[PDB]
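> Please work out how this folds:
(6 chains)
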There are 6 protein chains.
Amino acid sequence: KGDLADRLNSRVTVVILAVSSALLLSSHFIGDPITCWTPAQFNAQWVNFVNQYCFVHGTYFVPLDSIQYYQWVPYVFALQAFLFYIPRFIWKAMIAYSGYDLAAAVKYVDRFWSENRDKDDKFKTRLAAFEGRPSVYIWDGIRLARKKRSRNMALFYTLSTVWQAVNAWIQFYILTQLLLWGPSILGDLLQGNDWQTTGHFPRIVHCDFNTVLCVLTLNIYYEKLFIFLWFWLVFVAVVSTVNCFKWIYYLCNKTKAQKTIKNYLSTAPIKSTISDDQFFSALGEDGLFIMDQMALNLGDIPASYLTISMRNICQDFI
Amino acid sequence: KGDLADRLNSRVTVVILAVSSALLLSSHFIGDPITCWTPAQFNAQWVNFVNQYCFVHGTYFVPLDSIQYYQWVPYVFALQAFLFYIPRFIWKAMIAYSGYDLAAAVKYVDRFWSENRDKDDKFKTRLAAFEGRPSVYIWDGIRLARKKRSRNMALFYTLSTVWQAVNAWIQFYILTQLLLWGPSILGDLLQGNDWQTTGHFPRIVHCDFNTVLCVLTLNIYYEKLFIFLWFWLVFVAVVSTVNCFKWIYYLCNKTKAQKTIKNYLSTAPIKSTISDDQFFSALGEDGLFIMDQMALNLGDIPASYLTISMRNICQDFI
Amino acid sequence: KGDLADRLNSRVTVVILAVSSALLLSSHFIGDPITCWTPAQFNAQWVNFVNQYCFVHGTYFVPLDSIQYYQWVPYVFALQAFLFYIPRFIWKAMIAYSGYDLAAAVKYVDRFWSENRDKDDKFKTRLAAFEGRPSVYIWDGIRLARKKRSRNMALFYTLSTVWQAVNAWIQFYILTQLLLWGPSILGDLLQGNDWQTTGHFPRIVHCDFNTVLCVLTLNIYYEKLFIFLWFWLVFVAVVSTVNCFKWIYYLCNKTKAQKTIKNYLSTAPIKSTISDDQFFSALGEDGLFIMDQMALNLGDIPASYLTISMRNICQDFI
Amino acid sequence: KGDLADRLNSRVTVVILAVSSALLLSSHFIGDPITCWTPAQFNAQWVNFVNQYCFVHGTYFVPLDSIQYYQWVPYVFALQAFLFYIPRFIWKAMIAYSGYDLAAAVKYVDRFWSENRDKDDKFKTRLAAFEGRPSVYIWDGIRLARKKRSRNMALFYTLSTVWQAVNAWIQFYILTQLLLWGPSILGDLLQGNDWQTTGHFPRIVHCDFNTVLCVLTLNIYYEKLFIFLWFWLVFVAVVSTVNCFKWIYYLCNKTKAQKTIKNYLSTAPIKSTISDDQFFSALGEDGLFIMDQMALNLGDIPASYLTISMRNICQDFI
Amino acid sequence: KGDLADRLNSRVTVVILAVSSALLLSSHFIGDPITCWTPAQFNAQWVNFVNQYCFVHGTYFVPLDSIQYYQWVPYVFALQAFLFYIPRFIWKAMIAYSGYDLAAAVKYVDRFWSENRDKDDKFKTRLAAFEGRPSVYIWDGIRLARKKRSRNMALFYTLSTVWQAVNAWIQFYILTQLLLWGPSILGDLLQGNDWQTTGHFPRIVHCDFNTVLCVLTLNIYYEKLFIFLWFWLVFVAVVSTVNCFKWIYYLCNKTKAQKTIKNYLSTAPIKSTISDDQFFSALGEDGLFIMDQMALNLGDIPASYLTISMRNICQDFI
Amino acid sequence: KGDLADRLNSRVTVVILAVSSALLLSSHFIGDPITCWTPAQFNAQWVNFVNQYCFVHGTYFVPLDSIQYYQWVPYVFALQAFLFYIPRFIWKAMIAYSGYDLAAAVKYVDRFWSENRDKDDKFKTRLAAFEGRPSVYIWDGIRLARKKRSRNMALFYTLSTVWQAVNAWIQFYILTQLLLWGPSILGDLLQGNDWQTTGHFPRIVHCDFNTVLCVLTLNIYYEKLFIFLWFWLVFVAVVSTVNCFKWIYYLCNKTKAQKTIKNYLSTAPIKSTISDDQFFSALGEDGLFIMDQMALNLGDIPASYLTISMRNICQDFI
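Numbering: from 1, shown residues only, chains lettered A, B, ... in the order given. Next up is the structure itself:
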């Protein structure tokens, strides 16, 4: 499992973009994406062809005295969705390459906690239980992964987050270069300049034919969709960027990363033998990140017990 | 879980607004949102185009001797729904940031109560049971969150409620600026002035064409929908505002916030050692709010026992 | 749970009114709510427009020598349904405000009775069982709610019932002012004066057009629906009114409210120590109503035991 | 539960009448309930209007040298269904008012019998079991209901049955006054006089129009439905009437009502102390009817044991 | 339950007749039951009316040099189905009136046998088991029903069977009087005289109209259905008649009715005390039929044990 | 249950014939079973009538210089299916008449074997188990059926098989007399003489009309179906005939019927007392067939044990 804070905006982003793309493709593959009218005569076969013709071939707009992105929006959107989903796969491949495994360990500690957090018998001996079964498992995983490219796992995660933020900004750029910078156009539309006093974003366009005046139905759903995707992509971008900055400052500092651990270790009413600094040096590279992931998935109570137990038996290094 | 009193009007509000928006969009995307009639001749292709033309392009109304919001209602409504749902997400993110966790603790005490409120054996020793398992959990959570930005959690909640009330009023304003103040128009309609003696809210409108007289079907479902959304939004707004005022006066007073707790503590037939004031100072910032949430979700009986037990073991501070 | 006697006519009323409203709206949104015929010529586009025109615009009726409520029935009906559902929500909010909680207590005693009314072992000690587990719960609830605005809960209930009866009469008035007083019209229809010798309730009406003779299909389903809703609303109104009068006389008398309790207490073959009057004064405001609700939901047998047990341990007041 | 003998013809009656009414309404709301033919010309819009016109407006029939009940059959039928369902609701409300409760007691004895009629251990002590658990419950119910308007419960039931029989006859009268007395018309149809040599029941009728000769499809399904409903309603009526007479003679006699009880009490090979007459006077008003209901729902074997046990412990009166 | 031998031809008969009737009604209510052709001109509205006209009004047939049962077959068939189902209901009502109950007893002995025919422990003591639980139940039922109109239950059953056979023959007569006696017509069709050299059973018929030559599609499915229903009804009739004769000779003889019982009683290797004749006189009226029903439903093995046990304890009479 | 070897070709035969018949009936009841073309003019109502006319009335075929079985194939096929299903019902009725019951006994021994063929405890005492429970049941059934027309049950089975084979041949004859003997026609079609150089099996046929040239679509699916049904029916016929011959030679010989039994009895390493001939005479008429059925349904291993056990306790005759 994994409940990464606001890295699950890949999920919602993929869903929203893919549903928009599928809706638009089903629209201009099922319904009528255009209508045409020449003022001479029809036979229900003129129009059924001029529709496809004026749609495929370009159209141009004029005021009432050749913008054609109809062929790229509902495809660039699916490509955006795929590129938003990629970074999660990157992180999973990277954790597979790191030697360790987070899914197994988190699921294991979760199952143990859900098994015997309720049993009234296993609650007075609350810390001995965590000291017996799951902490030995976590320590065995640490000791087994320590000998295979797991001393920079935090670096791998923060690199994945850098990739995620850069990807968000690149998707935003790809969107805004598909035609002006958003709220200017919105204010132009909020003041009452809809499309005939604007030029861009047309809905009544003439057609070349060797004066066909075809109307674009779909174009009413686009500029009510860019107005929204702009806001939502910029929000996603700044959220992922503040997450990236938090993680990079976490990694670089290395001194205020042990805040939560030192606060956890100040609860067990023993303080038996082992100083923190030797414990941390025993838990330096990886465990400082595994404990963070455990705190993120399980909570704080079922993680303070874990990190206390992992101190009471730290004997593989010191 | 959470059963917040009349903060679950975000749920019903989102549902009603989104279902209205989806119904209107499906209507003027499937059925015919307009009909047109010119008194010369038709070919089943004149009308199938003039419909879209007169719909996209503006229309104007005249008496029987250019109001066009057709392009903003079924979108502003979905935006309203989203903005109504936002504050719940704000509160969840804020409680995640507060350090503590309400969902876990409330679910835990609920599960414990539902497990052994029925077992006849665990009912004579009713208070020792609550003193053993769940109260220790709550106290451990308090002591662990006390060291991480959890001393103003009530302030965070009341700030969320301020945001919710302001949002309700802003949604009401957005609605009423989409065209006069409600019951005036209703009385004008209750006295028998439907639309031809009114001007606004038309259903038979002429169309420019280089005398088309197009009829707007949908416009019969709008002014039977604004009349209702006005009432419902003002009701939601005043309810959320009285909730906000209750919470802000709760936080500001700090003296009549301990009413329910002092009334709970006057039931256990012991009154063993610990004065209330030291107990309250031990439970000052957070616990006074956790107990309120417990009373709100579980009831009063399975909360009086909890707050009594949490007094009989208060030894982390005093 | 709750099985309130003939307050569950809010359920059936909401269902019938809402299903009628939805049927009529789906009818004149899917089928043809009107047909028109001019004796000149058609093109399958004249009629498809004149239908909507003559429907939206008014129509007028003449004998064979401008009644238009088509735009208010299938909406006023949904509003009626909502206003019928309101009073149950009022009662639930009021019981939440009263401090006590009926749902929890009734469900608890029901679950206890359904658990050990069958077990043959727990039947000789039938009264000791009710004296141990559930009666202590009920008394704890009473003692905890006594200190928070629960001394007029019967008044709250009877106020809700007053509201319900007034609402029934107001809905009846709203219906009858939508056009004569019912059985007069019915007898006029039972003697063989259908619509052409009556004037009102037309089905063949002329239409203005700058002699269209449009027929109103739907109008055959209305005056076969008012004839029924009149009867049903007056029945609901008088039932709710006799319930309201019963409750108001219950509350006002305060002396023949203790009939069922004094009859229950005359069964346990002990009559141990406690006089009734001190018991009643200990159970004065609230418990006299909780016992009534228990009798209403569970029955009489699983309530006589309850009220006997609650006498054998009455020691919080006397 | 309840398996009332041939009072469950309310169930089958409601089903048959409601399904007929729904079928006819769906027929002349979906299909074509009439067809018209004028020998001049059509345009697929003449007929689509003349259908509704000649249907709503009256029609008249002539031989081949203004009967119109099309607007009352598929509504009077639904009203009949409702009025057939009413008496069961009357009986349930009356038993709720009687103070006692039959559903609970019958379900209880049924559950007890189904639990331990199979267990081989609880079969030698067959009568002690019935004497312990369920008979005490029945006696407690009797003693608790005796003090609240339960001394005429048999009178309430027989009054409900009187109402049911009168209702059956009134429904039959309502049917036969909708147009001759049944088998006369049937024999007229069995001898080969279908409709043109009869006058009534037409299928080819002329239409007023300022010689349209409209054909009535539906009228082929009516006089094949009255022929059946007549028979079925008269059968239901006489069955309910013989049931009513049986019950009224039961109540009035009061002496041959104790036949089944005296025959039950002649099986237990003890005849311990209690004479029948004192037992009956202890069981006079109500229990003589509860035992009948038990015999009707459970059978005779699981009721003879019950009435024997209720004799072996009759000590509340004698 | 009940597995009556070839009285379950009411089930298959009702199914076949009702499915045929429903198929034919759906056919000439959905598809086209007739087609018409006049050699002048059509407008897709001439034929859509002449179909209904020539269908409702009669048609007549002529050779190539007014038979109309289209309006009675798919209704008389449903009536036949109902009248075939009736006798089972007669038998159930009659067994309810007899005082005894077969369903309960047969289900009880079946459940007991299915419970402990497999358990290896309860198989050496095979006859003591049947002597303990179920035989006492059967004897109690006999002794309780003996005092209420159960001494002619075999007569009731054989009367029901008489009714069933008479009903079968009457249904056959009703069919054959709907137009010649079957195999004559079949042979006329087996020798190659289809319909134009026969007169009856037409498929091309002229129509009166003030030379329309309408073709009857359905008439191809009728005379391929009478040919089958004749055979099947005569088979059902003779089967039910031989069953009736078997039962009437069973009842009348009264001496070769005790064959199976005397053959059962010759297996238990005890022959303890009780002569058969006294046993039979103790089991004279009813039990001789209950044992037959048990043999019919359960088999012979789980009935020989039953009738042996019921001999080893016969002490209510002798 | 029953797994009769290649008597379950009644199942597959009924399925194939009924699915073919239903497909053809749905074809010429839904689609177009014929098309017609006169070279003058059409109006979409000429053809919609000439189709039915030329279909019902006969057609005749001519070469390119009145075969009509369209009205008997898809009915004779359903009749064939019914007559194929009959013999299984004959066998079930005959086994019901025989006095014994095979379904019960086979299901019983199957359930016993499936219960304790796996339990490791009940496998060393493998033969004592079969000697205790099921063999006693089989012997009791034999002894109880021996006194009621069960001494020729093998004769009944072989008579049923004679009926089945005769029925197969009669169905084959009915098919081949519906028009030449199969592979002659196939070879005529395998050499390239499709239909115009053949005469029979036409697809382009002229129509009488007071030169219509109607084409028969369906006739392309018939002579691709007779070619298959001929082969399949002859295969079924010879299979059922060799089965019949096997059974008749089995019954007639009576000496090589005891082969399998004598081979079974040569496995138990005891050969305790009872000679085979006395055992066989004790098991002469019926048991020799029951053992065969058991071998056929269960296998050989769970039948050798059975027939050994039934020898070790044969004491009802010798």
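> Going by C-alpha atoms from here, please, whenever you check contacts or count neighbours.
Noted.
> which residues does residue A:82 contact?
When contacts are counted by CA atoms under 8 Å, 6 or more residues apart in numbering or on different chains, residue A:82 touches residue A:14.
> secondary structure element for it?
Per DSSP states H and E: residue A:82 is located in helix A:73-97.
> which secondary structure elements does the helix or strand following that helix contact?
As assigned by DSSP H and E, the chain's next helix or strand after helix A:73-97 is helix A:102-116. Applying 3 or more CA pairs under 8 Å, 6 or more residues apart in numbering or on different chains; DSSP states H and E, we find helix A:102-116 packed against helix A:134-145, helix A:287-297.
> Now do the helix or strand following the longest one against helix A:287-297, angle only.
Scanning forward in sequence from helix A:134-145, with DSSP H and E defining helices and strands, the next element found is helix A:153-176. Here the directions of helix A:153-176 and helix A:287-297 differ by 60 degrees (axes from the mean of the first three to the mean of the last three CA atoms, to 10 degrees).
> per the record, what domains does chain A have?
Annotated domains of chain A cover A:1-31+A:68-99+A:149-203+A:217-257, A:32-67+A:204-216, A:100-148+A:258-318 [curated CATH domains].
> could I get the ones you listed as JSON lines with distance to residue D:301?
Below are those laid out as JSON lines (distance: least, CA to CA, whole Å):
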{"stretch": "domain A:1-31+A:68-99+A:149-203+A:217-257", "distance to residue D:301": "61"}
{"stretch": "domain A:32-67+A:204-216", "distance to residue D:301": "75"}
{"stretch": "domain A:100-148+A:258-318", "distance to residue D:301": "49"}
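> rewinding a little: pull out the buried residues from the helix holding residue A:82.
A:73-85, A:87-88, A:91-92, A:94-95 (16 or more other CA atoms under 10 Å in any protein chain shown).
> One more: stretch A:31-45?
Buried residues in stretch A:31-45 (16+ other CA under 10 Å): A:33-37.
> Show me the two of these that sit farthest apart.
A:33 and A:37 (14.1 Å; CA to CA).
> so what's residue A:11 up against?
Counted by CA under 8 Å, 6+ apart, residue A:11 has contacts residue A:85.
> So in chain A, which helix runs the longest?
Counting by DSSP state H, the longest helix found in chain A is helix A:226-253.
> That helix vs chain B: in contact?
No: figure legend: helix A:226-253 not in contact with chain B (CA under 8 Å from any CA of the partner chain); closest approach 9.4 Å.
> Which secondary structure elements does that helix sit against?
helix A:153-176.
> what's the neighbour count on residue A:303?
23 (other CA atoms under 10 Å in any protein chain shown).
> follow-up on the earlier one: save the buried residues of stretch A:31-45 as JSON lines, and put in distance to residue B:21 and secondary structure too.
Formatted as JSON lines, these follow (distance: CA to CA, whole Å; DSSP: H, G, I helix; E, B strand; the rest coil):
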{"residue": "A:33", "distance to residue B:21": "22", "secondary structure": "coil"}
{"residue": "A:34", "distance to residue B:21": "24", "secondary structure": "coil"}
{"residue": "A:35", "distance to residue B:21": "25", "secondary structure": "strand"}
{"residue": "A:36", "distance to residue B:21": "29", "secondary structure": "coil"}
{"residue": "A:37", "distance to residue B:21": "31", "secondary structure": "coil"}
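> Please produce TSV containing these, extended by distance to chain F.
Shown next, in TSV, are those (distance: CA to the nearest CA, whole Å):
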residue	distance to chain F
A:33	35
A:34	34
A:35	32
A:36	32
A:37	32
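> Nearest to chain C among these?
Within these, proximity to chain C (CA to the nearest CA) peaks at residue A:37, which comes in at 18.1 Å.
> residues in contact with the closest one?
A:47, A:212-214, B:46, B:49.
> do the same with residue A:94
By CA under 8 Å, 6+ apart, residue A:94 lies in contact with residue A:156.
> Okay, it and residue A:158: tell me how far apart.
11 Å (CA to CA, to the nearest Å).
> Equivalent analysis for residue A:138, please.
22 Å.
> Contacts for stretch A:259-266 next, please.
A:276, A:304, A:307-308, B:144, B:147.
> top of the residues you listed by neighbour count?
Most surrounded of the contacts of stretch A:259-266: other CA under 10 Å gives residue A:304, at 24 neighbours.
> The helix or strand where that residue lies and chain B, any residue contact?
According to DSSP H and E, residue A:304 maps onto helix A:301-312. Yes: legend: contact between helix A:301-312 and chain B by CA under 8 Å from any CA is shown at residue A:301.
> name the helices or strands packed onto that helix?
Right, helix A:301-312 is packed against helix A:126-132, helix A:134-145, helix A:259-264, helix A:287-297, helix B:134-145 by 3+ CA pairs under 8 Å, 6+ apart.
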